[PDB]
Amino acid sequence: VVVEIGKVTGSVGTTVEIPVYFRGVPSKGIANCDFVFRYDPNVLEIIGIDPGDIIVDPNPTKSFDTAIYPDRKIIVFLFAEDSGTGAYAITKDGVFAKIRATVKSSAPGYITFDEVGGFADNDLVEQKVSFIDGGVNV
């Protein structure tokens, strides 16, 4: 399993979307996972983070949650398959989330992997994961 933060470009004053990709998803699927990303609030102002299309839960906001802490310079991602039967597990490669941010400076806006929490398939077995960094104008 590989998690990749996309690399995009944008002008000062405009709002961009940075996608987070999941690839190499196992057959059993991913029932839950959580991780933290680091960013610079002086370059990028996070307006919101939306669930990707791989989130099969009919009401994505139930299974997907995020917390943003500017002062700490971190973003927390928490995914917990809401059905409780493994029904809403992530089973296909694609877009996991979309970060919406306003570019405040032309300085590079890095979004880097900081730390992983859990990351397990439907049988609650922990998976091997690798993260690739990205950001805006990098």
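Numbers for residues come from their place in the sequence shown, where the first is 1.
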Checklist entry - For the C-alpha atoms alone, is the average B factor greater in 62-70 or in 87-95, going by the entry? => result 87-95
Checklist outcome for this item: Ranked by mean Cα B-factor in the entry, 98-106 and 77-85, top stretch is 77-85
Next on the checklist: So if I compare the CA B-factors in the entry for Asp57, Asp40, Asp50, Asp34, which one is the largest?
Outcome noted: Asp57
Next on the checklist: Please place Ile18 in the lowest, middle or highest third of its chain according to the CA B-factor in the PDB entry.
Outcome noted: lowest
Checklist entry - Comparing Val1 with the other modelled residues of its chain, is its CA B-factor in the lowest, middle or highest third? => result highest
Checklist outcome for this item: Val138: C-alpha B-factor third of its chain, per the entry, is the highest
